[PDB]
Amino acid sequence: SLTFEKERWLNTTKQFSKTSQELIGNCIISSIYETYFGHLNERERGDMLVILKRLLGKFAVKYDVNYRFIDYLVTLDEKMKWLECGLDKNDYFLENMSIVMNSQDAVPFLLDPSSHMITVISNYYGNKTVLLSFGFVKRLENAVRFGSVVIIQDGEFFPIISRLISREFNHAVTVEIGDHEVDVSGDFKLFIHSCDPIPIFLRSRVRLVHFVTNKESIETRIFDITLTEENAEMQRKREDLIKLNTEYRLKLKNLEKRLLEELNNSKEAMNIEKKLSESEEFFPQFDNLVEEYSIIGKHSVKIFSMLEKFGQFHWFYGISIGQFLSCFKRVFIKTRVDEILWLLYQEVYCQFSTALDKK
């Protein structure tokens, strides 16, 4: 009966070294991600990750090929509770949220002309949200001595919160603001959201978080929708992989609880690992499908950029990204690749030639 427990202990002891090596490699990757990967789109960030990984291979330091900081930091409950607060289910939104919630040492900048980050953070915070826009010194001092979370607008007209933002607290823990001594209740959080794309000192104290979509976002959206609705086998294997990951996390939590109970009172893991290894063998299929369905993505970027360029020649010819996503959905809601690109062209023409003059 103890043979299975001994085998599990031996497997854990053997995998501890690989876990530690992957931990330090993934920590390098994650830190360099929240620093140098917060203001660039997907294509150049992919090239930069390629160069970074080839330099790491020159250094030859052990890491994880399937590295994902999303499961490293954000659990499922936190991800759902943040997705219901206003944010989408997209990966870029999840990762910049992770950058925001990991920016403890330097205040997390909220660059959003659409002002969605301020709304979602206020919805998450609740009653503690206090909004200002750059009297105001007295309001900030009152908020500091009260203990409410402060979000300040109009970041382009900012130099009086230097000590507070640099945490120059004086302990006997006091805050020096203006020309008087102030106190901090301890529940103080200072955040900044703006809409105007910044002084160099402000850049130093903040970590830049980007929101603006682009043609890289177009490629990401078309790839996601293709993998999510084009191939039902892809949908079923993605659902099986997600369920297997959730089951593995639940089994790890149950095993930890069982170990704690055994410590207090003094098979399944192998099957879960085998199922996970069997399910994670479809990554090359996803890569091949992405390679096949990439000319459609390039043509999609070309079409969207062209339609944006028609808006340059006349101010009454705007093009909507939501409309483009809707028509991409509509061409397939009702040679597979050649036929689907042909139908996408026909649908886009027949739906976007109704809003143009004859010329």
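Refer to the structure presented above.
Assigned secondary structure in the protein chain consists of 16 helices and seven strands. The dimensions of the protein chain, computed from C-alpha atoms along their principal axes, are 80 × 75 × 40 Å.

With that settled, consider the packing of aromatic side chains. Summarising the aromatic geometry, the rings of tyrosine 33 and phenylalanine 37 are spaced 5.7 Å apart at their centres and angled 35° between planes, so their arrangement reads as tilted. Look at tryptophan 82 and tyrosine 124: their rings are 3.8 Å apart centre to centre, the planes differ by 10°, and that puts the pair in the stacked class. Of the two residues, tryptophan 82 is situated in helix α4 (residues 76-83) and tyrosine 124 in helix α6 (residues 116-125); the sequence distance between them amounts to 42 residues. A network of ring pairs unites the aromatic residues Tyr33, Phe37 and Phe69 as a single cluster. We note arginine 68 situated over the ring of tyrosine 67; from NZ or CZ to the ring centre the distance is 5.2 Å.

Looking now at the sheet that holds strand β2 (residues 129-133). Pairing between sheet strands relies on hydrogen bonds along the backbone, with the strands arranged either parallel or antiparallel. Strand order in this open sheet of five strands is β2-β3-β6-β1-β7, and the pairing throughout is parallel. Of all the strands in the sheet, the pair left with one neighbour each is β2 and β7 (206-207). In terms of strand pairing, strand β1 (residues 107-111) meets β7 through two bridges, oriented parallel. Pairing of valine 107 across the sheet is with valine 206, part of β7. Packed on one face of the sheet, α6 meets β1, β2, β3 (149-153) and β6 (190-194) and runs near 165° to β3.

Let us now look at the pairing of strand β5 (residues 180-183). As paired strands, strand β4 (residues 174-177) and β5 are joined by four bridges and run antiparallel to one another. Paired with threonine 174 across the bridge in β5 is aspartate 183. The antiparallel hairpin formed by β4 and β5 contains two residues in its connecting segment, where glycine 178 sits at a positive phi of about 70°.

Let us now look at the side chain of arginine 205. Structurally, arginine 205 is set in helix α9 (residues 200-205). Apart from the residues lying within four places of it in its own chain, the contact partners of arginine 205 are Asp105, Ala106, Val107, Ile165 and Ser166.

Contact geometry of helix α10 (residues 215-230) with helix α15 (residues 321-333) gives a least axis separation of 11 Å together with a crossing angle of 25°. Relative to α15, the element α10 is oriented roughly parallel. Judged by the sense of rotation from one axis to the other, the crossing of α10 with α15 is right-handed. Contacts between α10 and α15 involve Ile218, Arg221, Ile222, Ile225, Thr226, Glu229 and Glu230 on the former and, on the latter, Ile321, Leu325, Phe328 and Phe332.

This next bit is on helix α1 (residues 2-36). For α1, which comprises 35 residues, the first-to-last C-alpha distance of 49 Å matches the rise-based estimate of 51 Å (1.5 Å per residue) to within 8%. Along its length, α1 shows its largest kink, about 35°, at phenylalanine 16.

This part is about unusual backbone geometry. For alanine 60, which is not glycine, the phi dihedral falls at a positive 60°. With respect to the secondary-structure elements, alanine 60 resides in the loop between α2 (42-59) and α3 (69-73). Residue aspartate 154 is not a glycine yet carries a positive backbone phi of 55°. Its place among the elements puts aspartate 154 in the loop between β3 and α8 (162-165).

Structurally, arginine 207 can be placed in strand β7. A distance of 3.1 Å separates the side chain of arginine 207 from the side chain of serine 103, its partner in a polar contact.

Structurally, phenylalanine 37 is set in the loop between α1 and α2. Sequence spacing of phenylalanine 37 and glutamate 95 is 58 residues, and the spatial spacing of their C-alpha atoms is 10 Å.

For the rest of this paragraph, the subject is the environment of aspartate 357. One can find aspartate 357 in the segment after α16 (336-352). Separated by 2.2 Å, the side chains of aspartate 357 and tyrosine 317 make a polar contact. In terms of polar contacts, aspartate 357 uses its side chain to reach the backbone amide nitrogen of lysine 359, at 3.0 Å.

Sheet analysis places β1 next to β6, joined by three bridges and oriented parallel. What sits directly across from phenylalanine 109, in β6, is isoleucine 192. As paired elements, β3 and β6 share three bridges and run parallel to each other. Following the sheet pairing, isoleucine 151 is matched in β6 by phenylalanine 191.

Contact geometry for helix α14 (residues 295-313) and α16: axes closest at 11 Å, N-to-C directions at 15°. Classified by the angle their axes make, α14 and α16 are roughly parallel. Here α14 runs over α16; the crossing is right-handed. Seen from α14, the contacting residues are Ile296, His299 and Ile303; seen from α16, they are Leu341, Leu344, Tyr345 and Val348. Considering only residue class, the contact of α14 with α16 consists of six nonpolar, one polar and no charged.

Each value, and the rule that gives it
Every chain here is numbered from 1 following its written sequence, a scheme that can differ from the numbering in the entry; residues without coordinates are not drawn. Shown here is a subset of chains from a larger assembly, with all values computed for this subset only. Water and hydrogen atoms were dropped before computing side-chain values, which therefore reflect all heavy atoms in the structure. Residues with missing side-chain atoms are left out of burial classes, side-chain pairs and their counts. To qualify as a helix, a DSSP run of H or I must reach at least 4 residues; to qualify as a strand, a run of E must reach at least 2; elements of each kind are numbered from the N terminus. Only the six-membered ring of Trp is used, alongside the rings of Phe and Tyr, when aromatic pairs are assigned; centres must lie within 6.5 Å, and planes under 30 degrees apart are stacked while those over 60 apart are edge-to-face, with the rest tilted. Only when the NZ atom of a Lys or the CZ atom of an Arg is both within 6 Å of the ring centre and within 35 degrees of the ring normal do we say a charge sits over the ring. Paired strands are those between which DSSP finds at least two bridges. A contact between two residues is defined here by any heavy atoms of the two lying within 4.5 Å. For helices, the axis comes from a line fit to the C-alpha atoms of the stretch in contact; other axes are also lines fit to C-alpha atoms, and the angle between any two N-to-C directions lies between 0 and 180 degrees. Geometric relationships in this document are graded by angle, where less than 35 degrees denotes roughly parallel, more than 145 denotes roughly antiparallel, 65 to 115 denotes roughly perpendicular, and other angles denote oblique. Note: crossing handedness is left-handed where the near helix turns anticlockwise from the far helix by less than a right angle, and right-handed where it turns clockwise. Helix span, as expected, comes to 1.5 Å for every residue beyond the first. Working definition for bend: take the seven residues up to and ending at a residue and the seven starting at it, fit an axis to each, and measure the angle between the axes. Pairs of N or O atoms within 3.5 Å make up the polar contacts considered here, provided that, within protein, one atom can donate a hydrogen while the other can accept it, and that residues adjacent in sequence are counted only when both atoms are side-chain atoms. In the scheme used here, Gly and all other residues not listed as nonpolar or charged are polar, with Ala, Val, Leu, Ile, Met, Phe, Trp, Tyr, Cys and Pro taken as nonpolar and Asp, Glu, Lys and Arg as charged.

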